[PDB]
Amino acid sequence: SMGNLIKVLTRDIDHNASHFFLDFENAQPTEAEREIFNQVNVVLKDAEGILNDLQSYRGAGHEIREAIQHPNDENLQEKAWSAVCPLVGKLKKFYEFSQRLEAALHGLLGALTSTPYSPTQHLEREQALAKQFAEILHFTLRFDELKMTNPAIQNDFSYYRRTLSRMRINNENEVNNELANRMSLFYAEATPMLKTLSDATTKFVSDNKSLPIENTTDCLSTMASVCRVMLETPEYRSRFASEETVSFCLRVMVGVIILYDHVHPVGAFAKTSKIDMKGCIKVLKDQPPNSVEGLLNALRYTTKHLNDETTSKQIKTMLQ
C-alpha cells in the first residue's frame, strides 16, 4: 500500500495551493480524530496569516542606519523606533505562534504513535491527523526558508533590544527582558520553527516513558520514505508529482529527516537508521536549485549527526 500511503498524504493538495488548514468535510476525520483535528486545524488556520506576515516583513534597515549615522538627532531616533516597533510586534507574534505548534504536535504524535498499531497502519487509520502533521512540517520549512533569506529579522530585533535598554534608562505591548532572551535565541537559529518542532518531539518521547521510541521514529521514517519514493519513481511522478505536490513533499521529507536525526539516538545517518539519506539528498539535488537551496542548507547545518565520524563521507560530499 505504498501507493495508498502516497495518495493519503498527497490528497486534495493539488487543487489546494498555499493553504495549511484542511477542509473538515474534505479531510473526513474519523470519530477518534475529531477532537484533535479541530484543535490542530485552528492552529493551521492561523498559520497562513503568520506566513503572509513574514512575506510582508519589509524590515527597518533604512531607518536604523540613518539613526545610527546621526545618533544625536532625536527625530531620526524616533523615526527608526516608530518603524521597528510594529516589526517587533510581528516577531513577537511569530514566536508565540511557535508555542502553539508544540501543543498541536503533542496531540498529533499521541494519536499517531499508539502502542499496538504500526506506523503504516496509523497513517492509514488516522488519515486526517497524518495529513495535519505533514501540513505542520510544510509550514515549518516554508517559514524557515523565508527567515534564512531575511537578515533584517535579527538586525531589527537586536536594534530593538539595544535601543530599549538605552531608552529605558535615559528618557504594556513592550517586550520584557525574559521574553526577549527567548526570542533572541529563537531567531538566532538557522531554522527557528524547525528547531522548535525538534525539541517538542524530544519532549513527547520523554513524556511517554512507557512508549517505545520506535513508535515515534518509525513514524517519521515512514513519512520520509513515502515522499522519497513518490519523488524518485517516474511511475509515481507521472501520477502524482505536480509543482504543488513536489514542493509539498520536499519540505515534509526534509522536516521528518531532521526530526528523526534529533530523536533517533544514533541519528539519521548511522547504519541502523531507517532514512535513505542518499536517496533523499539525491531528490533534492535533482530539483531546480533555487527552490531547494533553503532545504539543503537545513540539512547542512541544522542536523545533529551530519559531522559525526560515523556519518558516511559519501553523503558529506553530496551536501557540499
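- In terms of determination method and resolution, the entry is listed under X-ray crystallography at 2.4000 Å.

### Here we look at the overall build of the chain
Right, on to step 1. The secondary structure content of the chain amounts to 16 helices and 0 strands.
Right, on to step 2. A globule of 320 residues ought to have a C-alpha radius of gyration of about 20 Å, and the chain, at 21 Å, matches this closely.
Right, on to step 3. If one aligns the C-alpha atoms of the chain with their principal axes, the spans along those axes are about 70 × 45 × 40 Å.
Right, on to step 4. Counting only carbon and sulfur atoms, one obtains 48% of the accessible surface of the chain, whose full area is about 15,600 Å².
Right, on to step 5. Computed over 36 positive and 41 negative side-chain charges, the separation of the two mean positions in the chain equals 4 Å.

### Side note on the packing of helix α5 (residues 74-112) against helix α7 (residues 127-149)
Packed helices, taken two at a time, are described by their axes: the angle between them and the distance between them.
Right, on to step 1. Following both chains from N to C, one finds α5 and α7 inclined at 150°, their axes separated by 10 Å at the closest point. As far as their axial angle goes, α7 and α5 are roughly antiparallel. When you trace α5 past α7, the crossing you get is left-handed. Residues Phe94, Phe97, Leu101, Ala104, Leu105, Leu108, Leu109, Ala111 and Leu112 of α5 pack against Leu129, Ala130, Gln132, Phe133, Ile136, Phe139, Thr140 and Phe143 of α7.
Right, on to step 2. Its residues assigned to classes, the contact of α5 with α7 shows 15 nonpolar, 2 polar and no charged.

### Description of the nonpolar core
Right, on to step 1. Core analysis: the largest hydrophobic core is formed by 105 residues, its most contacted members being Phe133, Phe139, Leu250 and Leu284.
Right, on to step 2. Aside from chain neighbours lying at most four places away, what touches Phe139 is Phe20, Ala47, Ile50, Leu51, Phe97, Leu101 and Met193.

### Comments concerning the packing of helix α4 (residues 61-69) against α5
Right, on to step 1. Put simply, α4 and α5 touch, their axes get as near as 8 Å, and they point 155° apart. Between α4 and α5, the interaxial angle falls into the category roughly antiparallel. You can see that α4 and α5 cross each other, and the crossing is left-handed. For the pair α4 and α5, the contacting residues are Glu63, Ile64, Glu66 and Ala67 in the first and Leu76, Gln77, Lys79, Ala80 and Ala83 in the second.

### Section: the side chain of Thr302
Right, on to step 1. Position of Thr302 relative to the elements: it lies in the loop between α15 (293-301) and α16 (313-318).
Right, on to step 2. Looking at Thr302, its side chain comes within polar contact range of the side chain of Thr191, at 3.3 Å.
Right, on to step 3. Non-local contacts of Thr302, meaning those with residues more than four positions away in its chain, are made with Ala190, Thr191, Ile258, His262 and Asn297.

### Re the environment of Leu129
Right, on to step 1. Position of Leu129 relative to the elements: it lies in helix α7.
Right, on to step 2. On the basis of relative accessible area, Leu129 is assigned to the buried category, the value being 0%.
Right, on to step 3. Each C-alpha atom, one on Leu129 and one on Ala27, is 9.2 Å from the other, the two residues being 102 residues apart in sequence.
Right, on to step 4. Sequence-distant contacts of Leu129, defined by excluding residues within four places in its chain, comprise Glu33, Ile36, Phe37, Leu108, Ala111 and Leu112.

### Brief notes about the state of the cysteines
Right, on to step 1. Inspection of the entire model under this criterion finds 0 disulfides.
Right, on to step 2. Here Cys280 stays unpaired: no disulfide links it, and the sulfur of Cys227, its closest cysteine neighbor, is 8.9 Å away.

### Quick notes on the packing of aromatic side chains
Right, on to step 1. Going through the model one piece at a time under the given rule, you end up with 10 aromatic pairs.
Right, on to step 2. With centroids separated by 5.6 Å and ring planes inclined at 80°, the aromatic side chains of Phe20 and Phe139 adopt a geometry described as edge-to-face. With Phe20 in the loop between α1 (2-9) and α2 (24-27) and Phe139 in helix α7, this pair connects stretches of sequence that are 119 residues apart. The same class applies to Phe20 as to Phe139, namely buried.
Right, on to step 3. Ring geometry for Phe186 against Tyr187: centres 4.9 Å apart, planes inclined by 90°, an arrangement best described as edge-to-face. Accessibility assignment for this pair places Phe186 and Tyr187 in one class, buried.
Right, on to step 4. Cluster of aromatic residues (ring-pair linked, three or more members): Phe20, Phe94, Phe97, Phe139 and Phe143.
Right, on to step 5. The ring of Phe21 has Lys45 lying over it, and the distance from NZ or CZ to the ring centre is 4.3 Å.

Calculation criteria
Residues numbered from 1 in each chain as written, not as in the entry; some residues may be left out. Heavy atoms only, no water. Helix = DSSP H or I, 4+ residues; strand = E, 2+ residues; numbered from the N terminus. Rg over C-alpha atoms; globule rule 2.2 N^0.38 Å. Areas by Shrake-Rupley, 256 points an atom, 1.4 Å probe, with all protein chains shown as cover. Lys, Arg positive; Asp, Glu negative; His and termini not counted. Charge placed at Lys NZ, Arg CZ, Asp CG, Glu CD. Axes fitted to C-alpha atoms, helices over the stretch in contact; angles between N-to-C directions. Parallel < 35°, antiparallel > 145°, perpendicular 65-115°, else oblique. Left-handed = near helix turned anticlockwise from the far one by under 90°. Contact = heavy atoms within 4.5 Å. Nonpolar A, V, L, I, M, F, W, Y, C, P; charged D, E, K, R; others polar. Core = buried A, V, L, I, M, F, W, Y, C linked by side-chain atoms within 4.5 Å. Buried < 20%, exposed > 50% of the residue type's maximum accessible area, 1.4 Å probe, protein only. Polar contact = N/O pair within 3.5 Å; in protein donor to acceptor, adjacent residues only side chain to side chain. Disulfide = S-S within 2.5 Å. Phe/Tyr/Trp six-rings, centres within 6.5 Å; stacked < 30°, edge-to-face > 60°. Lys NZ or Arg CZ within 6 Å of the ring centre and 35° of its normal.

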